[PDB]
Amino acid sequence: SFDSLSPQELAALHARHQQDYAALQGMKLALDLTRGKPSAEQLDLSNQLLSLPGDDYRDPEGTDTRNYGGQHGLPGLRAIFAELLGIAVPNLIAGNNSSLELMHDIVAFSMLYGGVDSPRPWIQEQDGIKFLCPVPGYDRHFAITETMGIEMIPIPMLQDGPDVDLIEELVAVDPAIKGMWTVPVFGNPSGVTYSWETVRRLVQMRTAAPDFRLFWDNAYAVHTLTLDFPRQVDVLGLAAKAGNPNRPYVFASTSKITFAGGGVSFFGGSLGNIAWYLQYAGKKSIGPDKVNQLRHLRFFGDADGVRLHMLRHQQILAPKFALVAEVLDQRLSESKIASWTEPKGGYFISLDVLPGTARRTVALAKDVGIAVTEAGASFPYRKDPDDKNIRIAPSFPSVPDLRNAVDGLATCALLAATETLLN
């Protein structure tokens, strides 16, 4: 254990780490733990999509999916995800291949036009616009707010959601706070799922801004690492009962169900928000790709079809997550320099190494050929005040590559730890 270590014991331990690191570099590795994309083996599960939908190009309504028209998306596919998400079909639309693009356009519409009940477009707010950002969180959420000039306020994540006490306090006195980024199930990468009590408070709390929005990015809605699927909290129902029906914007995607970048996105909200979004989305496109929505409807068949498909993903992913946890445990637990999540779903593991050493750890790994996500990536402005957090993405590499990559990463974290202790 490294808080109990003598001065000689630390110098010798640092020396052993130096040899481990020397040995590691001599292996000339070329490994990568940085992107959360499905493995080829996962993608193969959806290869039937590559020959679908075949000659019958009509959906169950009789719609010719090959021709212009229809902003809402195919109702038959929406009905499947309506069940999975617990959102009524009229409150859910299906888009193109990117939920991020839906999230981006909603922010852009808010800047240029204002939301459905905004006093003015957000670009006209002379004191600027703020979003609350539970951390660790999703760097592509932060990039959207950063690029639009929206200030980001980081919020600690707790076991069953973010720090709602803190959130409630900020929004009570600051009318400039217009939004909050969330991934409310198996968060990227905390792995935290918001409890019902957390959700109830977030949709009931009084906000100084009358048009405050929850960006409810349910990217991992069905993405279990066990054989159970999580119950979806009824965020839209709770918000309406609280008198804030327009507050949540719900997003989902099949990027990690079928093809990453070749899937279908979803947006859910109040009827007022659906009409608001479609009014402005109609200036941008005649409508989404109905053929790809038809392929997905034919492939899935129904919601049980999606569930069955997700357990097939789970059987591939779960051993990779178990391996990462075991390796971190065997290399790091005794030193007590680190801690990590053991998620029940989602695509990431969040590792905290010794404070003050995360950047160094990442740099050490890069010079032995192990690519590790940049330090601070899960924080707005890439600013991790403790310089401790590293994201690990287990999905893509083979099991043997994953073992080599995480064992090397652990070697780098230990040497970085002894380096800082000696100073």
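Numbers for residues come from their place in the sequence shown, where the first is 1.
Across the two stretches, 369-377 and 391-399, the PDB entry reports the greater mean Cα temperature factor for 369-377. The stretch 332-340 shows the higher mean C-alpha B-factor when 230-238 is compared against 332-340 in the entry. Per the PDB entry, 34 shows the highest C-alpha temperature factor of the residues 67, 46, 39, 34. Note on the listed residues 292, 350, 254, 159: the highest Cα temperature factor in the record is that of 159. When all modelled residues of the chain are sorted by CA temperature factor, residue 63 is found within the lowest third. The deposited CA B-factor of residue 54 belongs to the lowest third of values across its chain.
Per the deposited record, the Cα B-factor of residue 92 falls in the middle third when ranked against the other modelled residues of its chain.
For residue 285, the recorded CA temperature factor ranks within the lowest third of the chain's modelled residues. Per the deposited record, the Cα B-factor of residue 127 falls in the highest third when ranked against the other modelled residues of its chain.
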